[PDB]
Amino acid sequence: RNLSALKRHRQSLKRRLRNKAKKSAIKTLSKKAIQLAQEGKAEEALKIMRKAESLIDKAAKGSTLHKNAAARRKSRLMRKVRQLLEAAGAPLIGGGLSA
Amino acid sequence: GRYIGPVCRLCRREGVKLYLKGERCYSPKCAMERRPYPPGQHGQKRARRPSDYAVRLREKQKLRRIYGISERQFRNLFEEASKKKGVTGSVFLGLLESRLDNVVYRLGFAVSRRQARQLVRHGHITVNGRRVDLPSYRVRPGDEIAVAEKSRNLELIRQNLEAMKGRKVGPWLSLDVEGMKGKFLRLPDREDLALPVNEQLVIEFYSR
Amino acid sequence: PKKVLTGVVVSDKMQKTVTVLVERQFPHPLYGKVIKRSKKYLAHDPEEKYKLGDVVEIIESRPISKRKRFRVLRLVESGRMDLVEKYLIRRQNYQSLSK
Amino acid sequence: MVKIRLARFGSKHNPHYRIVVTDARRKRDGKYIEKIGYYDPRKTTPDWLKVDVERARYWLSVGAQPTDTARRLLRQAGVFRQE
RNA sequence: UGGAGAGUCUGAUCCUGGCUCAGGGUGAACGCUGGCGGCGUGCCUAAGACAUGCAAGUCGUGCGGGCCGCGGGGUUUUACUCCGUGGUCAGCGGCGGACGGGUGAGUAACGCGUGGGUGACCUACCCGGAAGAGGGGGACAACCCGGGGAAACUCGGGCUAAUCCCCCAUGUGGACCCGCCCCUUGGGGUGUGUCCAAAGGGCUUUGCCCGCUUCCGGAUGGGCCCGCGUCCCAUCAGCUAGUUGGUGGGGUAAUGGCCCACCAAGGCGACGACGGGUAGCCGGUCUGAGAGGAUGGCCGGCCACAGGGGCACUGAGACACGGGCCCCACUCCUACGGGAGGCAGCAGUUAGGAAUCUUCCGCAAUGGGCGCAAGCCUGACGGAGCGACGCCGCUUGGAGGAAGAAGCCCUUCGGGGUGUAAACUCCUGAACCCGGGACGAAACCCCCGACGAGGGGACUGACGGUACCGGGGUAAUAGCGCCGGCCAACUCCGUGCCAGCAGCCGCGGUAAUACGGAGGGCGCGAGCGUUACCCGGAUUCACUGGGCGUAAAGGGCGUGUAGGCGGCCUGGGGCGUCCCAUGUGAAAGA
Ligand SMILES: [Mg+2]
Ligand SMILES: [Mg+2]
Ligand SMILES: [Mg+2]
Ligand SMILES: [Mg+2]
Ligand SMILES: [Mg+2]
Ligand SMILES: [Mg+2]
Ligand SMILES: [Mg+2]
Ligand SMILES: [Mg+2]
Ligand SMILES: [Mg+2]
Ligand SMILES: [Mg+2]
Ligand SMILES: [Mg+2]
Ligand SMILES: [Mg+2]
Ligand SMILES: [Mg+2]
Ligand SMILES: [Mg+2]
Ligand SMILES: [Mg+2]
Ligand SMILES: [Mg+2]
Ligand SMILES: [Mg+2]
Ligand SMILES: [Mg+2]
Ligand SMILES: [Mg+2]
Ligand SMILES: [Mg+2]
Ligand SMILES: [Mg+2]
Ligand SMILES: [Mg+2]
Ligand SMILES: [Mg+2]
Ligand SMILES: [Mg+2]
Ligand SMILES: [Mg+2]
Ligand SMILES: [Mg+2]
Ligand SMILES: [Mg+2]
Ligand SMILES: [Mg+2]
Ligand SMILES: [Mg+2]
Ligand SMILES: [Mg+2]
Ligand SMILES: [Mg+2]
Ligand SMILES: [Mg+2]
Ligand SMILES: [Mg+2]
Ligand SMILES: [Mg+2]
Ligand SMILES: [Mg+2]
Ligand SMILES: [Mg+2]
Ligand SMILES: [Mg+2]
Ligand SMILES: [Mg+2]
Ligand SMILES: [Mg+2]
Ligand SMILES: [Mg+2]
Ligand SMILES: [Mg+2]
Ligand SMILES: [Mg+2]
Ligand SMILES: [Mg+2]
Ligand SMILES: [Mg+2]
Ligand SMILES: [Mg+2]
Ligand SMILES: [Mg+2]
Ligand SMILES: [Mg+2]
Ligand SMILES: [Mg+2]
Ligand SMILES: [Mg+2]
Ligand SMILES: [Mg+2]
Ligand SMILES: [Mg+2]
Ligand SMILES: [Mg+2]
Ligand SMILES: [Mg+2]
Ligand SMILES: [Mg+2]
Ligand SMILES: [Mg+2]
Ligand SMILES: [Mg+2]
Ligand SMILES: [Mg+2]
Ligand SMILES: [Mg+2]
Ligand SMILES: [Mg+2]
Ligand SMILES: [Mg+2]
Ligand SMILES: [Mg+2]
Ligand SMILES: [Mg+2]
Ligand SMILES: [Mg+2]
Ligand SMILES: [Mg+2]
Ligand SMILES: [Mg+2]
Ligand SMILES: [Mg+2]
Ligand SMILES: [Mg+2]
Ligand SMILES: [Mg+2]
Ligand SMILES: [Mg+2]
Ligand SMILES: [Mg+2]
Ligand SMILES: [Mg+2]
Ligand SMILES: [Mg+2]
Ligand SMILES: [Mg+2]
Ligand SMILES: [Mg+2]
Ligand SMILES: [Mg+2]
Ligand SMILES: [Mg+2]
Ligand SMILES: [Mg+2]
Ligand SMILES: [Mg+2]
Ligand SMILES: [Mg+2]
Ligand SMILES: [Mg+2]
Ligand SMILES: [Mg+2]
Ligand SMILES: [Mg+2]
Ligand SMILES: [Mg+2]
Ligand SMILES: [Mg+2]
Ligand SMILES: [Mg+2]
Ligand SMILES: [Mg+2]
Ligand SMILES: [Mg+2]
Ligand SMILES: [Mg+2]
Ligand SMILES: [Mg+2]
Ligand SMILES: [Mg+2]
Ligand SMILES: [Mg+2]
Ligand SMILES: [Mg+2]
Ligand SMILES: [Mg+2]
Ligand SMILES: [Mg+2]
Ligand SMILES: [Mg+2]
Ligand SMILES: [Mg+2]
Ligand SMILES: [Mg+2]
Ligand SMILES: [Mg+2]
Ligand SMILES: [Mg+2]
Ligand SMILES: [Mg+2]
Ligand SMILES: [Mg+2]
Ligand SMILES: [Mg+2]
Ligand SMILES: [Mg+2]
Ligand SMILES: [Mg+2]
Ligand SMILES: [Mg+2]
Ligand SMILES: [Mg+2]
Ligand SMILES: [Mg+2]
Ligand SMILES: [Mg+2]
Ligand SMILES: [Mg+2]
Ligand SMILES: [Mg+2]
Ligand SMILES: [Zn+2]
Numbered sequence: 008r009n010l011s012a013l014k015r016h017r018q019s020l021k022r023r024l025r026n027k028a029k030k031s032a033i034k035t036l037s038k039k040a041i042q043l044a045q046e047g048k049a050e051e052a053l054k055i056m057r058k059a060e061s062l063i064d065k066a067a068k069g070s071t072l073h074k075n076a077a078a079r080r081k082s083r084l085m086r087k088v089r090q091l092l093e094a095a096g097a098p099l100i101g102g103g104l105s106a
Numbered sequence: 002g003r004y005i006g007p008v009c010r011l012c013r014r015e016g017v018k019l020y021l022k023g024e025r026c027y028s029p030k031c032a033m034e035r036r037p038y039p040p041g042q043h044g045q046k047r048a049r050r051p052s053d054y055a056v057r058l059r060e061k062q063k064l065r066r067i068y069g070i071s072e073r074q075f076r077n078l079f080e081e082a083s084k085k086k087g088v089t090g091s092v093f094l095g096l097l098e099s100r101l102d103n104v105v106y107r108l109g110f111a112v113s114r115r116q117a118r119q120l121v122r123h124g125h126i127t128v129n130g131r132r133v134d135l136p137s138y139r140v141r142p143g144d145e146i147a148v149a150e151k152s153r154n155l156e157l158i159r160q161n162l163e164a165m166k167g168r169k170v171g172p173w174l175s176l177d178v179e180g181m182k183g184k185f186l187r188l189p190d191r192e193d194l195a196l197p198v199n200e201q202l203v204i205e206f207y208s209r
Numbered sequence: 002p003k004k005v006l007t008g009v010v011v012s013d014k015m016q017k018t019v020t021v022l023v024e025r026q027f028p029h030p031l032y033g034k035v036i037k038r039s040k041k042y043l044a045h046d047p048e049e050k051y052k053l054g055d056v057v058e059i060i061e062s063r064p065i066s067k068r069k070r071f072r073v074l075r076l077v078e079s080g081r082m083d084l085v086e087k088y089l090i091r092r093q094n095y096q097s098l099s100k
Numbered sequence: 001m002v003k004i005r006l007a008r009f010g011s012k013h014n015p016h017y018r019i020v021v022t023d024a025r026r027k028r029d030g031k032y033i034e035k036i037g038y039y040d041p042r043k044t045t046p047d048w049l050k051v052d053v054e055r056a057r058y059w060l061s062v063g064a065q066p067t068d069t070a071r072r073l074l075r076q077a078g079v080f081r082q083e
């Protein structure tokens with residue numbers, strides 16, 4: 008018995024906690040941004056959106072989201088905050104988005 | 002292991018002289034002299050009109066026993082001729098004639114087929130400089146069939162070649178009698194064989 | 002090549018979708034007479050353009066739904082309801098031959 | 001990674017190889033991309049090695065990796081000679 | 001280049017008609033018998049259960065240590081402590097455990113075959129090209145301390161390194177929103193805005209090797225989609241609730257009722273839906289004149305499964321045979337609280353079964369993983385072992401030898417047969433002995449040359465002292481079926497509807513060529529017969545290629561739905577049809 012391929016499993020549970028953590032931030036930031044887009048705060052929503060995006064691409068850097076998955080979440084996020092900003096638009100910061 | 006036993010009995014059972022005994026199938030002892038009826042207790046009884054199957058059977062046996070071959074190699078050679086281009090009937094005969102043992106006999110190296118088979122088996126035969134101990138080896142045209150110089154001084158070879166002096170050889174063969182050489186010039190034609198056998202009957206024995 | 006078939010729209014009753022019936026002629030592999038088989042495709046109609054009885058080309062397309070892999074290329078022949086009548090009648094015979 | 005190697009097609013005690021382009025992950029006697037040569041190691045015939053250099057050079061421009069022995073036999077047929 | 005029929009219904013006939021046989025095949029098994037070698041092949045049943053051993057690791061040129069040992073230092077001595085080095089152990093980290101090996105259970109399905117789509121996508125390592133690597137910060141093992149448990153193991157506290165992790169920067173470039181251009185399904189370009197890079201190690205240490213980062217392309221492997229084809233039952237006729245479609249959303253690499261909410265009421269079926277039975281599919285294989293039937297073992301390609309069922313994690317890739325969690329059944333340990341397992345991997349065991357092998361050698365070759373390399377692992381593989389299981393080659397002697405011994409068998413008692421067969425004469429020389437003795441092996445590596453081309457050189461065997469060669473050399477296994485017709489081979493005696501033979505037709509109730517033995521003969525021969533199964537004959541499911549007055553078969557009659565089929569002329573089209581080119585039709589097999 009006792010293969011030391013078991014080492015692999017020990018590392019699995021390491022990376023599981025790495026991946027799982029960054030995603031949880033992503034979601035918790037993404038929602039946050041949208042919550043202010045719906046609530047018409049433009050500057051704060053865009054400020055948070057830039058941090059969301061940064062966290063997304065940073066998770067693409069490694070083995071969490073590596074593919075165009077990160078680009079998926081970005082796309083959906085920018086669409087949602089722009090459209091939610093369409094209610095009394097006033098895009099104050101205008102940082103994250105294009106003119 | 003081929004048929005091994007009394008042979009001049011099959012001389013009788015076929016009704017034709019079978020020279021498998023070599024000599025003494027010539028001297029009036031062959032038992033085809035003054036005993037042309039088949040063997041057994043009922044040999045001298047009046048034989049019944051054979052069935053159409055009986056005819057093709059006795060013709061195939063008449064050929065098979067002549068070349069001294071198991072049924073297995075016999076049929077595999079036949080099916081080989083059935084596939085090859087040309088007349089199945091004569092192609093088969095050319096193939097049987099191409100057996101190294103048969104060539105040896107045919108070149109007058111051996112008194113008989115069987116003797117030719119033993120001579121091949123014991124490696125006394127050269128082919129293009131190489132020893133070949135398989136009686137089944139297919140001779141090609143242009144192959145030199147010699148006698149191993151090891152055995153050239155043996156008294157059986159000098160015995161047979163002594164009587165081969167001035168004896169004529171088949172039109173598809175030629176031999177040098179002093180150096181104990183020989184050559185397979187080409188495949189024999191139907192007319193090149195005096196075989197008392199109807200090939201069509203044999204072909205017709207395998208259609209069933 | 003994307004496969005392209007020509008058939009007759011036998012169903013209007015969906016939204017943004019039409020059923021196309023496509024005949025097909027081929028010699029029987031053993032008995033050799035020419036037999037006529039036919040298959041129904043669910044084709045995508047984004048503009049609700051094509052109506053019942055239309056004879057339309059249908060093109061192999063990126064999957065739209067379960068059971069929808071074709072889109073309506075163009076209109077061949079407008080509104081010959083005799084085809085639809087053969088299909089409807091044949092459907093209608095099945096109410097017999099049960100009990 | 002695509003590789004250039006040998007595939008054994010002789011019989012027992014009689015090996016004959018087929019210099020072959022295949023994915024490293026397939027069986028050695030399994031499905032390959034292209035047969036680009038044969039190798040007879042007992043050298044039974046006058047021609048016991050054939051290569052078609054200019055095809056091997058193709059598969060090397062795209063990064064097939066030859067075995068140590070494949071490279072031995074390729075070099076012998078002059079695949080790498082650049083003069 | 002290819003096509004044979006026969007027996008059996010009648011007193012006899014012709015026809016119809018089933019049954020039977022001759023042929024070929026097999027992962028075979030059974031009986032008698034059994035000499036050698038080569039190449040193939042070998043659990044078809046319980047996808048039943050498994051003792052034992054091996055079957056996937058590797059890298060010290062990513063990093064820090066523990067234990068055991070040696071040497072050299074700072075000191076007058078000790079204590080303490082610094083550097084070098086050897087062996088070993090794991091740990092942290094990277095690449096590989098998704099290949100390769102096994103099975104045929106599930107599956108009638110885009111599962112497979114075949115031809116395509118992907119403007120709906122992914123692809124580690126490999127190849128080509130562009131560009132870059134600046135600075136800072138942190139943690140968990142190992143280690144040390146402590147606790148619980150019988151054990152498996154487990155919990156807590158503290159220190160620490162890195163090619164582990166994170167923040168800043170730099171923006172070749174890439175990603176996202178929006179706009180514009182060209183394309184046309186989410187393809188390419190562009191603008192503003194936002195977001196995103198990295199790691200070191202080694203020496204022959206000034207330069208180079210192994211790595212690292214972003215991007216484009218290539219190559220390879222793959223996902224998903226579609227047309228067509230894919231067994232039996234209609235004594236299965238109706239099926240369907242995410243079910244069919246829509247809008248939006250979630251998810252994924254990616255389309256998609258894949259999932260979710262809401263809306264519409266749809267979708268499928270006699271061209272066989274739904275249900276039941278059966279089953280991996282193919283390249284092929286077998287048979288057949290072919291059309292066809294049968295089949296999918298070994299080998300190659302695809303799929304599915306890993307005790308049964310579900311599930312996700314890590315990852316380029318798995319929902320993972322030798323990884324994880326849970327439920328169930330079973331075996332084992334158990335301090336009764338709780339634990340450990342998973343040969344359909346190689347051998348091997350047991351069960352079942354008519355039946356299926358060695359607990360073999362080897363890393364020498366080929367191939368695969370890790371490694372700068374040296375090298376390590378590889379029951380993949382290469383070989384050997386067993387089994388007439390198949391195919392093939394080969395031996396049990398050759399030549400002379402009596403108008404013909406003995407024995408046996410028959411007889412008209414004259415003789416006939418076994419039979420040139422034996423004896424016996426001569427010749428050769430399977431076995432076995434002796435010596436020599438391989439190919440498979442040349443690269444990796446070293447040296448010259450620049451670690452390139454090129455040249456040069458060195459180590460490297462399981463099989464195996466086997467193959468093979470040379471010398472010497474002995475007459476040295478034969479069996480099994482059959483002899484009434486089909487079907488090649490006949491007499492004697494024994495037995496008397498007995499004992500029994502038998503594929504079919506039939507033999508035997510005192511003269512049996514059919515039973516049993518013998519003599520003899522026919523057929524094959526290291527085999528020969530038998531049983532089972534497949535095709536053939538069978539034109540006996542009739543496309544090729546049959547029929548229905550009396551032989552089996554016209555619906556009791558009509559009307560008519562679907563479907564099938566369609567008179568003469570002309571014109572368009574060109575769907576079927578025919579022609580040309582072209583891509584495809586893997587390798588093997590043929
Ligand atoms: Mg490891
Ligand atoms: Mg939260
Ligand atoms: Mg993932
Ligand atoms: Mg012929
Ligand atoms: Mg001639
Ligand atoms: Mg025939
Ligand atoms: Mg509509
Ligand atoms: Mg849809
Ligand atoms: Mg209905
Ligand atoms: Mg593969
Ligand atoms: Mg050259
Ligand atoms: Mg013709
Ligand atoms: Mg009759
Ligand atoms: Mg009658
Ligand atoms: Mg009668
Ligand atoms: Mg009949
Ligand atoms: Mg036949
Ligand atoms: Mg048979
Ligand atoms: Mg025995
Ligand atoms: Mg063998
Ligand atoms: Mg099995
Ligand atoms: Mg089978
Ligand atoms: Mg061992
Ligand atoms: Mg000291
Ligand atoms: Mg030193
Ligand atoms: Mg050490
Ligand atoms: Mg150490
Ligand atoms: Mg270690
Ligand atoms: Mg595993
Ligand atoms: Mg596999
Ligand atoms: Mg299989
Ligand atoms: Mg079913
Ligand atoms: Mg299908
Ligand atoms: Mg398909
Ligand atoms: Mg395909
Ligand atoms: Mg640090
Ligand atoms: Mg620290
Ligand atoms: Mg640990
Ligand atoms: Mg701690
Ligand atoms: Mg701790
Ligand atoms: Mg990193
Ligand atoms: Mg730029
Ligand atoms: Mg920009
Ligand atoms: Mg940055
Ligand atoms: Mg750093
Ligand atoms: Mg592709
Ligand atoms: Mg959708
Ligand atoms: Mg994934
Ligand atoms: Mg719903
Ligand atoms: Mg249909
Ligand atoms: Mg099954
Ligand atoms: Mg054939
Ligand atoms: Mg036929
Ligand atoms: Mg089948
Ligand atoms: Mg089939
Ligand atoms: Mg098997
Ligand atoms: Mg299962
Ligand atoms: Mg399971
Ligand atoms: Mg990986
Ligand atoms: Mg699993
Ligand atoms: Mg699986
Ligand atoms: Mg296992
Ligand atoms: Mg108990
Ligand atoms: Mg048993
Ligand atoms: Mg074996
Ligand atoms: Mg040994
Ligand atoms: Mg090896
Ligand atoms: Mg190797
Ligand atoms: Mg390497
Ligand atoms: Mg090991
Ligand atoms: Mg093997
Ligand atoms: Mg036996
Ligand atoms: Mg004799
Ligand atoms: Mg002598
Ligand atoms: Mg060698
Ligand atoms: Mg050599
Ligand atoms: Mg140098
Ligand atoms: Mg060189
Ligand atoms: Mg080596
Ligand atoms: Mg040796
Ligand atoms: Mg010798
Ligand atoms: Mg002698
Ligand atoms: Mg004797
Ligand atoms: Mg017969
Ligand atoms: Mg007869
Ligand atoms: Mg009998
Ligand atoms: Mg009596
Ligand atoms: Mg009597
Ligand atoms: Mg009587
Ligand atoms: Mg008798
Ligand atoms: Mg009988
Ligand atoms: Mg008898
Ligand atoms: Mg007898
Ligand atoms: Mg034999
Ligand atoms: Mg047999
Ligand atoms: Mg039959
Ligand atoms: Mg038929
Ligand atoms: Mg019938
Ligand atoms: Mg029948
Ligand atoms: Mg009839
Ligand atoms: Mg009647
Ligand atoms: Mg009648
Ligand atoms: Mg009537
Ligand atoms: Mg009637
Ligand atoms: Mg007409
Ligand atoms: Mg019509
Ligand atoms: Mg016309
Ligand atoms: Mg046309
Ligand atoms: Mg063509
Ligand atoms: Mg081919
Ligand atoms: Zn004679």
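Residue numbers (the entry's author numbering), protein chains in the order written: chain T, 8 to 106; chain D, 2 to 209; chain Q, 2 to 100; chain P, 1 to 83.
Beta carbons: idealized from backbone N, C-alpha and C, even for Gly.
Buried/exposed call for D:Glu98, threshold 16 Cβ in 10 Å
Sequence index remark: in the second sequence, residue 98 of chain D carries index 97 (1-based). Burial call: buried.
Who does Q:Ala44 pair with in a DSSP beta bridge?
As a first step, residue 44 of chain Q is located in the third sequence; it is residue number 43 there, counting from the start. Answer by DSSP bridge pairing, in chain order: Q:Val19 and Q:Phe71.
Return the CA-CA distance between D:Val56 and D:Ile204, expressed in angstroms with no decimal places.
Within the second sequence, numbered from 1, the residue matching residue 56 of chain D stands at position 55. Within the second sequence, numbered from 1, the residue matching residue 204 of chain D stands at position 203. Those two C-alpha atoms are separated by around 12 Å.
Does at least one heavy atom of ligand 9 sit under 7 Å from the Cβ of Q:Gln93?
As a first step, residue 93 of chain Q must be located in the third sequence, where it is residue number 92. The answer is no for Q:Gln93.
Does the segment 9–23 of chain Q touch the segment 175–184 of chain D, meaning 3 or more C-beta pairs lie closer than 8 Å?
no
From this set, D:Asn199, D:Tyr20, D:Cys12 and D:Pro29, which residue's C-alpha is nearest D:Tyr106's C-alpha?
Residue 106 of chain D sits at position 105 when you count from the first residue of the second sequence. The shortest Cα separation from D:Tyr106 among D:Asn199, D:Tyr20, D:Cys12 and D:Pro29 belongs to D:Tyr20.
Please name the residue in P:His16, P:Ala77 and P:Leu6 whose C-alpha comes closest to that of P:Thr45.
Stepping through the fourth sequence from its first residue, residue 45 of chain P is reached at position 45. Nearest option by C-alpha distance: P:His16.
Using only alpha-carbon positions, find the residue among Q:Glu24, Q:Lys3 and Q:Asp46 that is nearest to Q:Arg75.
Residue numbering aside, residue 75 of chain Q sits at position 74 when the third sequence is read from its first letter. The shortest Cα separation from Q:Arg75 among Q:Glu24, Q:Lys3 and Q:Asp46 belongs to Q:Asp46.
Taking one C-beta from the segment 48–66 of chain Q and one from the segment 75–89 of chain Q each time, how about it: are there three or more such pairs within less than 8 Å?
yes
Under a three-way DSSP split, which group does D:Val198 fall into?
Numbered from its first residue, the second sequence carries residue 198 of chain D at position 197. In the structure shown, D:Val198 sits in coil (DSSP, three-state: anything other than H, G, I, E or B).
Can you tell me the Cβ-Cβ gap for Q:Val23 and Q:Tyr42, rounded? I've got them flagged as a contact below 8 Å.
Residue 23 of chain Q sits at position 22 when you count from the first residue of the third sequence. Residue 42 of chain Q sits at position 41 when you count from the first residue of the third sequence. With a Cβ gap of about 6 Å, Q:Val23 and Q:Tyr42 count as contacting.
Looking at D:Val178 and D:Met165, is the spacing between their C-beta atoms short of 8 Å?
Within the second sequence, residue 165 of chain D is the residue found at index 164, counting from 1. Within the second sequence, residue 178 of chain D is the residue found at index 177, counting from 1. Cβ distance < 8 Å, so D:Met165 and D:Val178 count as in contact.
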